[PDB]
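Have a look below at one chain only, the form deposited in one PDB entry, in structure tokens format.
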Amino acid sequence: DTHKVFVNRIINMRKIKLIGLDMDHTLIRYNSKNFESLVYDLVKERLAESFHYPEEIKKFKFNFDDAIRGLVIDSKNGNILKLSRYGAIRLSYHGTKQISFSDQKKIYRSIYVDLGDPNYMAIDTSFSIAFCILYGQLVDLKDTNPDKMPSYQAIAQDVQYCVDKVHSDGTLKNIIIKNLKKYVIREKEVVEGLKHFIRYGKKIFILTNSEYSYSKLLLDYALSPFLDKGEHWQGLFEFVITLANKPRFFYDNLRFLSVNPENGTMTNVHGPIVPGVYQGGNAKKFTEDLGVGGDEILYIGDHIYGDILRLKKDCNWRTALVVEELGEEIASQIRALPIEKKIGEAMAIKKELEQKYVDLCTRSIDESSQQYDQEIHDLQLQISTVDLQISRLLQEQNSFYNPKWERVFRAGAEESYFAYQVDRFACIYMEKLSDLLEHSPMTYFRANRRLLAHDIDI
């Protein structure tokens, strides 16, 4: 376990006084497949029941790999898109069927899409992958008998409704509570890590959207097992804020509620908040009452809270991210190394051949001569041969990543739209929290130069 932390922007951990941790999926790890699957089932169920959809949907099978993180839903046309950082359509599907390059240009009349347009759903959530798989299948069925089901737009909204409902019903909560060892992953390192950081004067607080009754259970289940006899998980946290109501917690002005740690009853807050348990709240008041600078607080989450601008504009806290999927992406890039290198040597040669060819052709034209005509014809075949070697090497490279969508962070040779989001929202990111907590709580994180096209390589 390398425990690597990737840096997008400088952050001096030495100057960070408080570290705010998201609970579900950040501080406490969940079995992604099992959890996505549950959400899929609960959501698919709520559709056939409270929305009266074809009895056929209950038959839908869930396959984790049918979708990947970072995808965008075009509710208008019932399509799913893989975008580049600037919104360029790398690839698209209508339901499960992949759209061809030709038909793509017919539909979008451009290569770029405007995420500003409300028709597109591009929210990074813990249920995005399930959303995509389900939505895909739903439109596949809607195409069979385009009367038995609502419109593409309507379906997407219904599904979103169920997801929000299932996340409020408590139906999801109760099921994972009754099956904790199947859903939550325990990790000694996390506890050691927190202790490490606290040991150096760091203050750690929890900022979750789950209610306290649920957080008390889960925190106990996942942390206590690694605490010394007598210790209490509560000693690890300065504050524990529940039903935080993020992202609004960061930019809105909802009030704090003091929670009685025993029974759970609450009282309105008057004056500054003091170490303890709370509900709701807002970053503004939290930062003021702790008498510190916003940039002295680091919040770590697992998914981007919709609009990065509105959030980084009215908050000012340092934000970091945990991206669970980095696990397999890295594992896959390593398994593809030899091919990645092969593709590099091949491209090098290709561009070599191409330059020589360009110049020879312009010489024959500039010089009005036919002496290069022989060589030019060979370069042509030769380039046709390497172009073939490469095209095949590429297909080979694809087998190391998700067959339908390729990499989470790459949209062709450039960054995926999700890559941009990560870059804009997170100063640093890692596959999991213990990756960060294994570093020095004094670490000065810097980013390796990104190199501009006019920059000289070294």
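We number the residues from 1 along the sequence you see. Between two forms, the rigid core is defined as the largest C-alpha subset superposing within 1.5 Å.
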- Pick between 187 to 195 and 108 to 116: the one whose mean CA B-factor in the entry is higher. 108 to 116
- Item | Mean temperature factor over C-alpha atoms, higher-scoring stretch between 19 to 27 and 440 to 448 | 440 to 448
- Task: Between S332, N282, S102, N209, let me know which has the highest C-alpha B-factor in the entry?
- Result: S102
- Tell me which of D252, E296, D169, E325 tops the list for C-alpha B factor in the record. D169
- Query: Should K313 be placed in the lowest, middle or highest third of its chain by the C-alpha B factor in the entry?
  - Reply: highest
- Task: Would you please rank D302 by its C-alpha temperature factor against the other modelled residues of its chain and give the third it falls in: lowest, middle or highest?
- Result: lowest
- Should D41 be placed in the lowest, middle or highest third of its chain by the C-alpha B factor in the entry? middle
- Query: C-alpha B factor of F60, ranked within the chain: lowest, middle or highest third?
  - Reply: highest
- Please rank the C-alpha B-factors of the chain's modelled residues and tell me whether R392 sits in the lowest, middle or highest third. middle
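Omitted from view is the form deposited in another entry, to which the following refers.
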- Item | Core-fitted Cα difference of 2 Å or more between the shown form and the other one, single residue among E375, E288, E187, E296 | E375
